Amino acid sequence: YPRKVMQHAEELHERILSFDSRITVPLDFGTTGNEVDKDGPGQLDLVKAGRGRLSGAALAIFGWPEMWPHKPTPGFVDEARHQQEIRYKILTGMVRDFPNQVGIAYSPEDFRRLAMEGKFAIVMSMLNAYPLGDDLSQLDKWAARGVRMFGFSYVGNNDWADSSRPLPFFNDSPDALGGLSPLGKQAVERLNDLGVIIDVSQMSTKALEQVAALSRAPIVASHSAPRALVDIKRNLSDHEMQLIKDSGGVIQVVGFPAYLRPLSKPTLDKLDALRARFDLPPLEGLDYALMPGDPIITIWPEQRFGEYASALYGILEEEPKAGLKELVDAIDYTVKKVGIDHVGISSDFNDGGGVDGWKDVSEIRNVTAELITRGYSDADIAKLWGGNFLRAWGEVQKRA
Ligand SMILES: [Ca+2]
Ligand SMILES: [Ca+2]
Ligand SMILES: [Mg+2]
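Residues 38 to 105, 111 to 442 (the authors' numbering) are what the sequence shown spells out, left to right.
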């Protein structure tokens with residue numbers, strides 16, 4: 038970028054709030070080798086965030102049926123609960139150990155306050171209903187502990203909501219529930235009552251549609267990109283975007299390279315050769331290119347899955363990374379469709395996100411530099427970097 042543009046980006050971030058709606062907490066975050074107050078090996082720490090001037094981020098209480111492979115047994119639910127509890131102890135522990143440097147925001151007001159005080163503002167989120175079992179009151183209990191946003195889904199179906207990415211390793215069938223189960227539908231009412239933002243990123247299309255029909259409050263997609271860029275089920279159709287817009291909500295466009303640029307032919311060729319040696323037919327579309335998604339994979343021995351999955355992900359690792367151009371194309375598209383007031387930004391840092399030119403939280407102003415270059419105003423950039431999210435969050439809490 039010209040220095041004039043870089044300088045403009047820096048001047049603006051001396052003044053504006055910035056918010057990333059999706060960063061993963063590593064289970065060893067805050068341990069030796071991975072301290073929160075050091076320039077560490079991850080994509081987030083207090084040093085990188087201070088450098089970039091990132092004001093805060095949504096860090097999720099997350100668990101899932103971790104294979105890394112072992113197929114899920116019923117005891118896996120309790121393990122997923124241990125993963126959630128670990129992440130909770132990390133977050134409250136950061137505030138305990140670093141009180142002048144970090145806080146947790148329980149409202150958009152707190153977020154603005156913490157930002158003024160110069161403390162990194164954590165928004166405690168939760169992603170994936172899998173660890174919660176059939177107990178709706180787990181929503182009340184997690185809200186009471188600080189959770190302010192809940193996404194029903196990750197990879198893999200669960201008993202509350204179908205995923206956009208059913209896993210054949212979990213013996214998943216696409217759209218198994220037809221969207222939400224009766225308890226998932228009751229979860230939507232409970233979340234509205236609790237004043238917790240409903241997050242539709244990762245959820246199947248039908249489940250999204252049901253959340254939209256059932257929610258009395260703004261909904262958010264905390265890390266999603268448009269299908270117009272990459273036509274995969276994980277990405278949003280124009281109609282799904284309109285639903286989120288119509289709730290008053292926000293599409294937080296994610297810097298996840300493979301959701302922004304379609305896989306290049308050399309990578310597709312590599313995947314097809316691999317698919318052929320495991321008796322799978324040539325790819326049609328990208329859904330089974332980006333993950334081991336073929337339905338027949340459910341009958342494979344674990345050892346066979348392990349070999350294929352490992353090899354697939356190695357090939358994906360070689361795909362040249364999408365850059366800031368693609369990330370902002372996606373922003374541009376989403377804004378065309380829903381308007382500047384309904385768009386935000388997210389990284390998927392620590393779960394594979396980051397693009398060429400934005401590799402960790404210290405590099406956020408690079409995103410701003412590309413935005414400046416395309417002709418976004420300072421006001422519009424402030425809305426993208428968190429203003430829209432904070433408005434919607436306030437409206438959600440008003441509907442409690
Ligand atoms: Ca236990
Ligand atoms: Ca300016
Ligand atoms: Mg072999």
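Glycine residues also receive a C-beta, built at the ideal position from the N, C-alpha and C atoms.
Look at residue 186 here: in three-state DSSP terms it is helix. Bounds of the beta strand (DSSP E) holding residue 59 are 56-60.
Boundaries cannot be given for residue 80, as no beta strand (DSSP E) includes it and DSSP labels it neither H nor E.
Residue 162 has 144 as its beta-bridge partners, per DSSP.
For the pair residue 378 and residue 386, the Cα-to-Cα distance works out to about 13 angstroms. In this structure, residue 360 has its CB at a distance of at least 8 angstroms from all heavy atoms of ligand 3.
Around ligand 2, the residues whose beta-carbon falls short of 6 angstroms from at least one of its heavy atoms are 45, 49, 420, given in chain order. For a cut-off of 8 angstroms, the C-beta gap from residue 351 to residue 362 is around 22 angstroms, too long to register as a contact. The three-state secondary structure of residue 71, taken from DSSP, is strand. A distance filter of 7 angstroms between CB atoms and the heavy atoms of ligand 1 selects the following residues in sequence order: 120, 123, 124. As the crow flies, the alpha-carbon of residue 40 is around 21 angstroms from that of residue 369. Note: residue 266 is bridge-paired with 295 in the DSSP secondary-structure output. DSSP places residue 403 in the helix class (H, G or I) of the three-state scheme. By the Cβ-count criterion, residue 307 is exposed, with fewer than 16 other Cβ atoms from all chains shown falling within 10 Å of its own Cβ.
Around the beta carbon of residue 405, a 10 Å sphere encloses 16 or more other beta carbons of the protein chains shown; the residue is thus reported as buried. Only residues of its own chain outside the window of five on either side were considered, and among them 403, 404, 405, 406, 407 have a CB closer than 7 angstroms to the CB of residue 89, listed in chain order. One thing to note: residue 95 has its Cβ within 9 angstroms of the Cβ of residue 164. Your pair residue 286 and residue 263 checks out as a contact, with CB atoms roughly 6 angstroms apart and the cut at 8 angstroms.
DSSP, reduced to helix, strand and coil, places residue 175 outside both helices and strands of the structure shown, so it counts as coil. Within the region 295-360, complete alpha helix (DSSP H) segments of at least 4 residues are found at 299-302, 307-319, 344-359, given in chain order. Relative to ligand 3, even the nearest heavy atom lies 8 angstroms or more away from the CB of residue 344. A Cβ-Cβ separation of about 27 angstroms leaves residue 113 out of contact with residue 192 under the 8 angstroms criterion. When the Cα atoms are used, residue 399 and residue 300 turn out to be separated by approximately 15 angstroms. A distance of 9 angstroms or more separates the beta carbons of residue 149 and residue 187.
For residue 385, the uninterrupted beta strand (DSSP E) segment begins and ends at 385-388. Each residue's CA atom was taken as its position, placing residue 250 and residue 339 some 27 angstroms apart.
Counting along the chain, the unbroken beta strand (DSSP E) around residue 193 starts and ends at 191-193. Residue 245 counts as buried, since no fewer than 16 other beta carbons sit within 10 angstroms of its beta carbon. In terms of Cα proximity to residue 243, the closest of 227, 313, 170 is 170.
Inclusion of residue 80 and residue 98 in the CB contact set at 9 angstroms is not warranted, their separation being larger than that value. For residue 360, the CB contacts under 8 angstroms within the same chain, skipping 5 residues up- and downstream, are 309, 312 in chain order. In the DSSP annotation of this structure, residue 254 is not part of any beta strand (DSSP E); the continuous alpha helix (DSSP H) holding it starts and ends at 247-256. Residue range 118-139 is occupied by the alpha helix (DSSP H) that includes residue 118, with no beta strand (DSSP E) assigned at that position. Ranking 389, 93, 228 by CA distance to the CA of residue 294 puts 389 first. Between residue 153 and residue 432 a beta carbon distance of about 6 angstroms is seen, short of the 8 angstroms cut, so the two are scored as contacting. One Cα belongs to residue 423, the other to residue 397, and the distance between them is close to 19 angstroms.
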